[PDB]
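Topology and contacts: notes
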Amino acid sequence: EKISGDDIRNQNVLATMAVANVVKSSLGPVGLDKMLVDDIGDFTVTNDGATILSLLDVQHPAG
Amino acid sequence: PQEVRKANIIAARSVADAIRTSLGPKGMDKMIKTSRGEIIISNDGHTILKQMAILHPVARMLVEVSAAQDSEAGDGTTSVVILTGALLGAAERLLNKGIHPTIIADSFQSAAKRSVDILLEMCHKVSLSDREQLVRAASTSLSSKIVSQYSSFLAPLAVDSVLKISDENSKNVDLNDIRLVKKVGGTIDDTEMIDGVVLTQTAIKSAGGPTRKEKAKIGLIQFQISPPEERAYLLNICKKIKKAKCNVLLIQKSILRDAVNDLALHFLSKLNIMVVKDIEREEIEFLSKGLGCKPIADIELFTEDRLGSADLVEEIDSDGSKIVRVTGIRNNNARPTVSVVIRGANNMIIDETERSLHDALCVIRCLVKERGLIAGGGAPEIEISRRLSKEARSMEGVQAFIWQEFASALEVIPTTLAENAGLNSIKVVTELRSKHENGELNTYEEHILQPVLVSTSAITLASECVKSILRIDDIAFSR
Amino acid sequence: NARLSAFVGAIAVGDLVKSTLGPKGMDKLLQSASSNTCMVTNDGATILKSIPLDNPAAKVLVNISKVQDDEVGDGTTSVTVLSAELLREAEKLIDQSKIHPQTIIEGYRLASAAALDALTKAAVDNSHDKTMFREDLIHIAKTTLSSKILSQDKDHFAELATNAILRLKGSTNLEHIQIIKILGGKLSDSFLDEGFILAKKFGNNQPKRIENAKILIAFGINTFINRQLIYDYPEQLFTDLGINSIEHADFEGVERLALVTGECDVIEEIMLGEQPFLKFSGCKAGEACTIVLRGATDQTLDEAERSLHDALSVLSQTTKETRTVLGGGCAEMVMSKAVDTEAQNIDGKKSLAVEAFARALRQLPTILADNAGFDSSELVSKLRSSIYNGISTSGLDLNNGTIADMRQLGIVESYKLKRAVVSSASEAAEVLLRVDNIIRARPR
Amino acid sequence: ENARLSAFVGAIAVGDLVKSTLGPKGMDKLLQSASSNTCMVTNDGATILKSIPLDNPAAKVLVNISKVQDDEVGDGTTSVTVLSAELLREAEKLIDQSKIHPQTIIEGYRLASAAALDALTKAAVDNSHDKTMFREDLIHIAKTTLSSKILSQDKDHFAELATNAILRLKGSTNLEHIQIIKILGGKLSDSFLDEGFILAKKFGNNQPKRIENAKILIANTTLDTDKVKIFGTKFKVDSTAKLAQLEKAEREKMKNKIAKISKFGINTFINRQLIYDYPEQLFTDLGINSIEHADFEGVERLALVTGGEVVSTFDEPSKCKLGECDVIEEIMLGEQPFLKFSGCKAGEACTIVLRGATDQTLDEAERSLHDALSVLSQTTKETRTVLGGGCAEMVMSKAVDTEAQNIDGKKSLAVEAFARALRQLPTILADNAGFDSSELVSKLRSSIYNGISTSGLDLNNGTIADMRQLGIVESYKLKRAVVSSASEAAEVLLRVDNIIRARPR
Amino acid sequence: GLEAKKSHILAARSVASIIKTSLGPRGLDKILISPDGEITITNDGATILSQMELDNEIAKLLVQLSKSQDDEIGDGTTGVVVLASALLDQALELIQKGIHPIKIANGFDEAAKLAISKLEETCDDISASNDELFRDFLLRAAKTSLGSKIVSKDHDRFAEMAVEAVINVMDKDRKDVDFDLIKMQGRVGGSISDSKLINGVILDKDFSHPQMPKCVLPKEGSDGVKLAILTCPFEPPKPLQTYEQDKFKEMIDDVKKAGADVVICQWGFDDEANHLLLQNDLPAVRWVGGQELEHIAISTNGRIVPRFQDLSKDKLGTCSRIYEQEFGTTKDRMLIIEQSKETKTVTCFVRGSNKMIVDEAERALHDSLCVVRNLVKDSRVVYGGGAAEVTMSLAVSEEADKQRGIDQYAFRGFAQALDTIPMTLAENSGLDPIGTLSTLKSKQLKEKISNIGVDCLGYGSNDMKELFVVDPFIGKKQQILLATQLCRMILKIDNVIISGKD
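Residues numbered from 1 in each chain as written, not as in the entry; some residues may be left out. Chains lettered and ligands numbered in written order. Part of a larger assembly, values for the part shown. Heavy atoms only, no water.

**Some points on the overall build of chain A**
A count of helices and strands for chain A gives 2 helices and 2 strands. For a compact globule of 63 residues, the expected C-alpha radius of gyration is about 11 Å, and chain A comes in at 14 Å, more than 25% above that figure. On the principal axes, the C-alpha backbone points of chain A span a range of 40 × 30 × 15 Å. Residue burial in chain A is summarised as follows: out of 63 residues, 8% are buried. (Helix = DSSP H or I, 4+ residues; strand = E, 2+ residues; numbered from the N terminus. Rg over C-alpha atoms; globule rule 2.2 N^0.38 Å. Buried < 20%, exposed > 50% of the residue type's maximum accessible area, 1.4 Å probe, protein only.)

**Quick look at the domain arrangement of chain D**
Residue and element names in this part refer to chain D. Assigned domains within chain D: domain 1 (1-126 + 383-505), domain 2 (127-203 + 338-382) and domain 3 (204-337). Each of domain 1 and domain 2 has a C-alpha centre, and the two are 40 Å apart. Facing 5 residues of domain 1, the contacting portion of domain 2 comprises 6 residues. The contact between domain 1 and domain 2 buries some 630 Å² in all, and 38% of this surface belongs to carbon and sulfur atoms. Contact with domain 2 buries surface across domain 1, with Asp-126, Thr-383 and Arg-384 losing the most and accounting together for 74% of the total. Taken together, domain 1 and domain 2 are joined by 0 salt bridges. Scanning the region where domain 1 abuts domain 2 turns up 2 residue pairs in polar contact. (Domains from an automatic or database assignment. Contact = heavy atoms within 4.5 Å. Buried area = accessible area lost by both parts, 1.4 Å probe. Salt bridge = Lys/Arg side-chain N within 4 Å of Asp/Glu carboxyl O. Polar contact = N/O pair within 3.5 Å; in protein donor to acceptor, adjacent residues only side chain to side chain.)

**Notes on the pattern of salt bridges**
All names here are of chain B. One pass over the full model with this rule turns up 90 salt bridges over all chains. Residues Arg-325 and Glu-314 are paired through a salt bridge, measuring 2.7 Å at the closest nitrogen-oxygen approach. In this pair, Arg-325 sits in strand β10 (residues 323-327) while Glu-314 sits in strand β9 (residues 310-316), placing the two residues 11 residues apart along the sequence. What makes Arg-325 partly exposed here is its relative accessible area of 23%. Owing to a relative accessible area of 11%, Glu-314 belongs among the buried residues under this scheme.

**Considerations on the sheet that holds strand β10 (residues 276-281) of chain C**
All names here are of chain C. Spatial ordering of the open sheet is given by β5-β9-β10, a layout of 3 strands whose pairing is antiparallel. Two strands in the sheet have a free side with no partner beyond their single neighbour: β5 (210-213) and β10. Strand-to-strand twist across the sheet, computed as the mean angle between neighbouring axes with direction ignored, equals 30 degrees. Taken together, the 6 bridges between strand β9 (residues 264-271) and β10 define a ladder with antiparallel strand orientation. (Pairing = 2+ DSSP bridges. Axes fitted to C-alpha atoms, helices over the stretch in contact; angles between N-to-C directions.)

**What to know about the interface of chain C and chain D**
Accessible area lost when the parts come together is the quantity often used to give the size of an interface. Taken together, the contacts link 19 residues of chain C with 16 residues of chain D. Sorting the residues of chain C by area buried against chain D places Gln344(C), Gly348(C) and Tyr388(C) first, and these three jointly supply 29% of that buried surface. Counting across the interface, chain C meets chain D through 3 salt bridges. Linking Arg445(D) and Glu355(C) is a salt bridge whose minimum nitrogen-to-oxygen distance equals 3.6 Å. Linking chain C with chain D are 6 residue pairs in polar contact, by the criterion used here. Sorting the residues of the side of chain C that touches chain D by element identifies α12 (348-361) and α14 (376-388) of chain C as the ones contributing at least two each.

**Topic: the packing of helix α6 (residues 132-141) of chain B against helix α7 (residues 151-166) of chain B**
Residue and element names in this part refer to chain B. Relative to each other, α6 and α7 sit at 125 degrees, their axes nearing to 8 Å. Taken together, the axes of α6 and α7 are oblique relative to one another. For α6 against α7, the interelement crossing comes out right-handed. For the pair α6 and α7, contact is made by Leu-134, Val-135, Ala-138 and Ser-139 and by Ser-151, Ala-155, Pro-156, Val-159 and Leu-163, respectively. Of the residues that constitute the contact of α6 with α7, the class distribution is 7 nonpolar, 2 polar and no charged. (Parallel < 35°, antiparallel > 145°, perpendicular 65-115°, else oblique. Left-handed = near helix turned anticlockwise from the far one by under 90°. Nonpolar A, V, L, I, M, F, W, Y, C, P; charged D, E, K, R; others polar.)

**Thoughts on the pairing of strand β8 (residues 274-279) of chain B**
Residues and elements named next belong to chain B. Relative to β8, strand β7 (residues 248-252) is paired through 4 bridges, and the arrangement is parallel. Following the sheet pairing, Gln-252 is matched in β8 by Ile-279. In this fold, the crossover linking β7 to β8 by way of helix α9 (residues 262-271) has right-handed handedness. (Right-handed = clockwise from strand over helix to strand, strands pointing away.)

**Regarding the sheet that holds β10(B)**
Residues and elements named next belong to chain B. Strand order in the open sheet formed by 4 strands is β4-β10-β9-β5, and the pairing between neighbours is antiparallel. What marks the edges here is a single partner per strand, and that holds for β4 (197-198) and β5 (213-216). Both β4 and β10 contribute to a ladder of 2 bridges, which runs antiparallel. Across the sheet, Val-197 pairs through a bridge with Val-326, a residue of β10.

**Brief notes about the environment of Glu364(D)**
Residue and element names in this part refer to chain D. Mapping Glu-364 onto the fold places it in helix α12 (residues 359-378). Accessibility expressed as a relative area gives 41% for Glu-364, which makes it partly exposed. Residues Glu-364 and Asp-137 lie 227 residues apart in sequence; the distance between their C-alpha atoms is 25 Å.

**A look at the packing of aromatic side chains**
Applying the stated rule across the entire model yields 13 aromatic pairs over all chains. Ring centres 5.5 Å apart and planes at 35 degrees place the aromatic pair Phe196(C) and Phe280(C) in the tilted group. Exposure remark for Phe280(C): the relative accessible area of 7% places this residue in the buried category. Among the aromatic residues, ring-to-ring pairing joins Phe234(E), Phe248(E) and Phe269(E) into one connected group. Its end group placed over the ring of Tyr276(D), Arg251(D) keeps NZ or CZ at 5.2 Å from the ring centre. Above the face of the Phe296(D) ring, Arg157(E) is positioned so that its terminal group lies 4.0 Å from the ring centre. (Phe/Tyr/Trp six-rings, centres within 6.5 Å; stacked < 30°, edge-to-face > 60°. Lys NZ or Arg CZ within 6 Å of the ring centre and 35° of its normal.)

Here's what the structure looks like:
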């Protein structure tokens, strides 16, 4: 499949917006943490935003 | 039968319009995700069309045109696709007027030949004897590459390399005879021409290897030193080589068996016979040309007449490099070649440095076939349309209307250059045609120059491409 | 059901090669399931053999095209198109024209004799002034090299094929001319050599130049030739005895040596295209020539091979038959007049069958004007008015677009080539007109 | 494309309805209504076409065209529709294989129709033999028309003048070849007949009264008092004399046209308006005779009998079609000056000079004479027949093939296809009669092609036989009426590129 | 702003593509069907466009302009619409390139003004060549429009009718021909050779009672013929036979004192009213339309008399005579009212053997009368038939390189749009439009500058200057102005708003 024009441009912005809106809650020390669930069903609890993006599974070239 | 051609033109126009956004350094990059999961990002038109896996049969011809574009001129792989689609887009209104594609195809070949003489009259005449313009041409072309200050010393090395193989009437010269060996370590400031030959690998690192020999013979040998008592079998192998006094052994790299046994290293150490193993298959044809030798499959085929001559064969000491060089091949039948060693600390340096030297050697080679250069930036595309305006009135018949549409398709290239730069498309083009009454080719003070062969081959290849596109009136399945 | 499938199925065969006829024709592209085997070529024999067809009536024209390719090698497209035009008009002759199918067969038989008589009265040959006959071979060679990439340098290639045939003076067999294709250089660099260039060397290490050599195919011989390979020890023993051994001699090479020599004055070894060659000199009444073509790529050479072999096959037949006719749509126009001439006295049921053959003769030049970018109905009708009553000289011009003489433009055709096309195409059409039903046995 | 398809396939489908009904042996058709109990069977072609409702807007045009044949003549209406439908079958093959505007092809039909009418004339015969019996019947019918008319005073003198005004024509029967002169102060019995074309109001003053070997030229110009209305145009002049000088400069340019008159080799010029003395004085030195008050009617009637043409402009010198008359005599009768022309090349005409006692007797004598000459001349084109049985249909086919020799490039197929439609008539007649159309027509064309062919279609024996021995003839008036109607029928349909769908009722 | 610019070009192109094949004398006809069930066939674009009823907002501008073209020119029906569509097709390519639409509108306005000055140098004079050559243009003016019809046989008779009619109704001062001053009337039956030119209104009448004379006597050398115009009906006074008869004797005295020969009224008459008018030799005329009374006072130099008491001898219309002349075999037996003096109005009398021939002859005469007005208003003329459009193309294209800026491309697109007409005439003539266009441009440059057009109808050769084919310059100038005026209004409206049907 091949998609060009402004249709793929808006999808790239909404894709990065969806990824950004997830990590906006962990910004700053007063921010809120999150749980990352895998296919096994386990999870983890951490407030560090650096370890979240490494363990977060997102399929997208800009992601 | 028009439904087959109209379906192929529209399908090819969408491909040309997609690559059109990639023209120029500021152009839009196209992304291709392979089925295996690999994603590549670049503005190169030859890379996009190759990894796109186009199922359309006629659209696959753009890959062959872009291949010959880089092989002959070396530049304009994106521009030749835009010019090809510009003629296809203009041919849509030609078929609506009831014009048969034969007249359309025959007029493009006649217009491409006349466009060459127009560019030659407006081009600046230069010669290879003047090294002032030859150094500045390759130095400004490297401003788009990581090399900046070190690019000043790389320009004269590429000029003197071409002038030896260019001669006068030789015209086209094979670029495969120029080998660029990249290796980790060292720096860019350290360069050696080594006109004799340069290999791609190191020498024996084991104990007993001399790694250096003076006044030795070099030849291609496809044999391999391996066990089948074992020292007696390896003694006759080394004895037959001593009969022809061959002190340099080159063994083709193969994963089947090893190269030289450790027991044979002690035998060749007393005879002072240097061995270089792991010779790639690509270098087999290369070493058979510059050295003037012949590949030898068996031990009986090995003769003294097929062996060359080498002044001094030594392994240069360098950090993480250890490059072996050979000088003074002393072969009258085989012509000399240029092999330049590329060094650098980072792996990303020696990689792009090799590709940067490719575009520098092509532009210089463009002057070998046809001397002279035309300033880029849309100047040659507009100048041709200015001459074809008054010439179109001198024609008669159906072809008279083709000359007007041919000059209109040439304006697509300078229009795209203005779009990808953020400037207004039409406004910039009108400012160039307004000053055309005074200035002609004037970009000269900006040190931006382009060879004439790129603009000439782009029109010639696009004229034959579109000519062959309209020749297919049917698509059938034949297995 | 069978007649509808045989008539339409055969027209679809002619619709594939309809663009490959004439020098202004176009190339057809084919694609298999692997998609990497696609090749662009205008060869009519390649298109018919590569494309599979489930129509049993269409397979008849495939085998007939193979017979036409063996005699000459060109004009195979014109035979298929002419056979398809007879079947396209036969559909109107059966349904709405109230004509018996055998009457259509007998109509083409009486019309074929009128077409052959028109070519005989229009055949003019010049025995005196061999220089004028040499120019006729030049013009015929230009029409054979047409439709092929060689048309660029064909102006230089015109004297290459013409002077080559003049060096034979003997049997029409083509085994005298050996084609060697070497990469590199422009096509215009090809030359004509009578020295029998050989693509294989002799011996491991042996002297290149040999004087007063005696060729012996397998004694006091200076040259030895063997069909199989040579063992190591005698190869060294032959050098000490002064006997040079040749290896890798196939069945085709032995037949070419039997037509030349034995003994030879000088054997010289030259280096061209990075490979040892052997140019013989001082043979005994050598009738053999060697043409070495220099192409850019392997694809250019592969198309040039059969292009030159088909051009020399037609020029070889011009030695036995010196009569020539005017082509470029003029040959089919003259035969169209003889069909309508014999139509004055004809039966009732045979009238429309023979008159349909006259319009079929004008369908071949109609397609020639289609691929040329011109208007067929406009240009052919203007020529038909001039050929109608007397003064028949000029013919269709595919370049300027006006009515010009074919003799002034240098467009002529051989008489032996046209009589073979009218014959084979007529016999090919009679077979398909007879079959009203097809029954296939149950395969295993 | 559907516009031509509705004008062709839609018309052929309607044309094929009455196509099988051509001839006495043709097929028949049932016409069914909604209630189905009101239906009827008939072989009439005009009845089937008008009774069947047709929503095709192109088919409604063919109905109005067929009504012209019924009002003009009323015979052979079916043959007109069948022949017009066959022209569409050939025109459809010319268009689809071309897709060019048919108006160019229409020009080829006009050139082919002219050769078809000429072939029918050379082979035409007539029943006019033994004219002595026809002349005695012509004078008796003429006296019958004179009843209730003031001309009944003397029947013998007036019927004799009309008798010599018809049989002596040997050509077109149009009233434009008969000039009527009406004067006052005379008796009806004193009328005489003159073969010359007679004018009144003699031309010129000093011009001679006799002209030998006169040439006739037709032109329209004003050489006397140009610039009729000068009111409203701004006049800036220093003196009044410059206004009259401007008219002299405008008439000075007419000298070049006067010089072209002398270059024509003519001794006489004809003009509708007047001529000033100065351009008339130059006519004397150049030997030019100036005729005035020629009007229009008298010009057209004179140009046809003298073999000339009429034109109001001069396109180029030494190119024109001129008439001539040997002797021009100027006489005076009835206290009015008259003109007399004689010695015209191939001149066929007559002039009847009637002398009445008032204007009422003159107008009633001319109108009653035209009604009597129309009935008598109607028998000239009546009963005249030609060789039938498909012969004349094939004679027109081979005549078009003669035109196919010298022809343009684009008009070669347009004219040749017209001969194919002419050969479709014996094809239809052979199918309706139950015979083989491919065998008979092919053998019929081969014999008639070159020479000595009297053969025709014989439906009794089912073969080709001589029609002159069987006595099969068809009227010549029917031949020209059908071809002229079919030629005009094809023009109406082809000249329409797009056809808007009619309002359904 | 998005789909509007693309839809307006395709909507106007499909409508204009209908009449592209009907342009020129060789242009093919069409079959039109009225809503009443009548089928009409004509080549005139005004008839085809006026009968179109459509809700498309873009195509309605073609009908609004075509109404004003018939009065001003009448020949700009098909030519302007095809030329207007050419400017829209060239503007579509500019919109895709980013050109502003108003710049396209202003670009065509400046390009049209430059092309007019170029033709002003190359135009030729008629009256300066000769006086009689001007009349030869009027005689051959109607021949071109009537050459494609059966009327072309009698065309020589209709040529003289248009020459004398325009001179009377038009004065050389204003040089204006009013359509309301030309009464177009025709009937079915007869032939086309009986058509006569009348200097005044016809006003067909049966003369009431048959005893009344068919001719008007001079009444002892009286001046002209006095007629009475009454806008009020003739009735006895009301809020018996002898009562109404005595009241009629008082109202008839106004006719006897004024000396009116014929009485004309808008309403019918009684039976006893014609009895008193019979013995006094006063023919009665009843059932006269309101518009017919306007043509009476203009031709006879009369006035409108509102009531019976305002009747005077100075307001009576004066004419030469009134007689009843039988026309052909028609039993209507119409009448002729002559003048013998130059009037301000005329009435065209056209007959034909078919109902379609009458309608086609009246419309062809309408365009012929307008050409005479343009030849008198402007003596300078140019040679049309494809020669004018090619000359305008080479003039604008040559000046395009001299004018820099954005207008440089506006002049190139305007020059290419002018090539549509000669190519359309080449397509409508059955010839190669591109091959012919290159021929006309080659003869006007390498040889010499002249006028050579495309031949729609078969002629001897090219160079219509030899055949004296002339077209009015101001007539062609009015066409290119309405084309640019229409092209702007299409581009000046980017919005489409339409409601539903309740």
